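Shown next are two forms of a single protein chain, provided one at a time as structure tokens under the names structure 1 and structure 2.
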Structure 1
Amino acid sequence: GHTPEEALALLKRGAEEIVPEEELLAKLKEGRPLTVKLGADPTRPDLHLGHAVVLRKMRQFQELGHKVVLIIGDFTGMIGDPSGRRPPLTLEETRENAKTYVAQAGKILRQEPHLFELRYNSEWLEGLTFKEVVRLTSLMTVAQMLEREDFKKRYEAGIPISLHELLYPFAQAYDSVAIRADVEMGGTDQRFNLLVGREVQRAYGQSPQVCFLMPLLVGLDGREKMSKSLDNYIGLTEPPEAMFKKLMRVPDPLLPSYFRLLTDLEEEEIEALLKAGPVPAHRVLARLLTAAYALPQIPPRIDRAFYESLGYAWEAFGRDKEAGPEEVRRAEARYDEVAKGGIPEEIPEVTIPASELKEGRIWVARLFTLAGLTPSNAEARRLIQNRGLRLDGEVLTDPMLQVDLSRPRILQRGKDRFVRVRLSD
């Protein structure tokens, strides 16, 4: 139901760069399903909303009739860094992690075969001969390859670059040859390797792939890209209660990009939400995405129609807190209840064996560590000095307190981490 020009315009929204854009228009006019490549690193199988930026653009390709080929990078996943300057995965860890990745990616991507194929690049890379590897690497010079920013910066700074790292752009580029990619997806940070793909496809007599680059989502800290290692992320499989709370804590300046990169709202609708204020805009964002990722798969369009289909009223601009799917309504209620200093209805339970007692009690610092709220008794003590711990809703001021557990106690660390502890022989 879209002309090629309409399809290009839909696809352009949110993108940092489509290159060459005119080539994508030509491919869209061929009236055939385009092969849309995404390489996935099996060593990092847990997806977050940052990964969803590219994956939802791929879903849009699929809704337009194009075919995702998801390439698990098990070849390099099983080699890793053989020098040491992440460890290598076993064949079992590789299929396990691939399974996790595909399961989470399927919360976004269509899975019908005509729209989706899973491949493992070991299928074709394991057999690539030395001679073919030499001829592949001859396609670029040393100076050309050192232009990539992490090579240039490390080299000029005296930080080691393993020479095998110069082979990996060619493996990724060969993956494009192996599947005859029409488009390769990536974040902006993959631009160089995607361009190498074009060069390698030309050398193999193929049409060079369009490189389709999405911006990187910034994390909850407000400065750095969302990433697992920076602990600033929102995972696609986090419980609705936690996803909703994290989305309410997205720094205000990031709201436009979250709406543009994670929903399909029109720019006029986004502006209308921001005019209602930052907290209203947050509630709408959190409801949309918490709902979408609570489903087994996000809808084809996370848009105003989807919002109203959940039971919310657009013209209420966040005030209609009692509507929505039960999972979302409850999550939002918990957020507000915790905000005004209340204790939520359901909190995690940790049963503590009687063997942990000492003179019939448990030192409060060690109790928090046993409950999993603190990593050490020393840290529990420091948090008490900083008024960061509560017991039964009272701020702890005595770091020597010995806690009576003859009835369950409610422990709290910071703003919203609660554990109810009770004794059990």
Structure 2
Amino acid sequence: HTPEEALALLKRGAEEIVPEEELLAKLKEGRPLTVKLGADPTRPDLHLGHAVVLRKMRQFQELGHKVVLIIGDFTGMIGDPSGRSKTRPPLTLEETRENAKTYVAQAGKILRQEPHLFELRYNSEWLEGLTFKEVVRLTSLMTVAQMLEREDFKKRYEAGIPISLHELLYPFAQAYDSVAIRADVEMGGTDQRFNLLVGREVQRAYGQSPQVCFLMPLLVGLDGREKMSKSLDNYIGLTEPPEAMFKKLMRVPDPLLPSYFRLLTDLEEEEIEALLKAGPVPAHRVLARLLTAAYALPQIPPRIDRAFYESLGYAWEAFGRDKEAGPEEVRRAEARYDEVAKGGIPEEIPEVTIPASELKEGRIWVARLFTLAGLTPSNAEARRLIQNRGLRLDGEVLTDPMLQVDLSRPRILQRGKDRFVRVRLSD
């Protein structure tokens, strides 16, 4: 694909690219551009949200450009204020580096690892030794009125909500990473406009070609309103078992399916529109199958498309009705979903042995058992859950909080619609 042609593929599904005429230009230079993308391991594991920007990076690699993944072990220590309406809490450099592990491992599910298209870097490499005098020069490149001109900060300032002064350095620390690696393009979610812009500003200061800001739409999380985030618990991990990933995707609030196909799949608007035709449930089945299938593999395919869907063994014309077809892992997944919907037990449930000592008088109080089992944070809670008709013992809905369970033979504990644990005597 020639320049003019690449700028298209890339431009598709993208929120905004500014300044676009510069990306079109850089493409014409016939040399691997440097595509930057950082992530602050404040919490482990990546998720479908990240997949939004990562699949895009992948696509840049696919057109021969090099991607540099910046693991913000340092920045993550400071905490990125973008969005947050409250100072993010502190994090030690040892912590962020612990999380980083997951990020490296996991990025691979979407990114290419071939050395000429992928470099890994932790900004703590070049940021710890940034000198006080050097900082002063960065922070002198912008004015107070400009910082406060940010959505996030404005609101907070006006609302009289504390803003730690250090929260103002973050933009610059991120900005530097750009200079650090002469980035041609910095990838990002829309909530990174500001940071990506300060990146251009700081690059000029260091006499470098101002990177091309590439913003991707933000994927909304399972709650329906807020964006997917590791801190909001509304995400679908990139490395959850197919069972889990499949069920969660079956829960993506209806009003979002359109967005999910656009940001997570490669289906033509037409194919999407016709899917919603079949209705909500059917679409979910499809969306779920694709992604559970895709992320099941060691690395997703260059394109999650109608063909890829069919290559699995499904009939696009079947619109999800063809449950039987499909991989012997996505199958069982969708299968577990349905059994549970019906109110049946999942085939494979986690067993958890219970030391005879934990017994008392030969039995064990249901309240405590559910806790010893990790289904309830505590007896009191269990009790409460039971009064609320929320736990089941061997399929039967418990009703006697004082119940004394007999662990002679295994038992199948249950909490809510889909949390199962088989337990037995081991001691």
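FYI, numbering is relative to structure 1, first residue = 1. In this text, rigid core is short for the largest set of C-alphas that superpose within 1.5 Å between two forms.
Engineer: Pick out the one residue among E349, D303, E123, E267 whose C-alpha shifts by 2 Å or more between the two structures, once the rigid core is superposed.
Structural biologist: Spelled out, the residue whose C-alpha shifts by 2 Å or more is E123.
Engineer: Please determine whether the C-alpha atom of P256 is displaced by 2 Å or more between the two structures following superposition on the rigid core.
Structural biologist: After core superposition, the displacement of the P256 C-alpha between the two structures stays below 2 Å, so no.
Engineer: Superposing on the rigid core, I want to see if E92 changes position between the two structures - specifically a Cα shift of 2 Å or more.
Structural biologist: Yes.
Engineer: Can we say the CA of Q104 moves by at least 2 Å between the two structures when the core is superposed?
Structural biologist: Result for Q104: no, shift under 2 Å.
Engineer: Where the core is superposed, what shift in Å does the CA of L163 undergo between the two structures?
Structural biologist: Here the C-alpha difference is 3.1 Å.
Engineer: Core superposed, what is the CA shift for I362 between the two structures, in angstrom?
Structural biologist: For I362, the alpha-carbon shift amounts to 0.6 Å.
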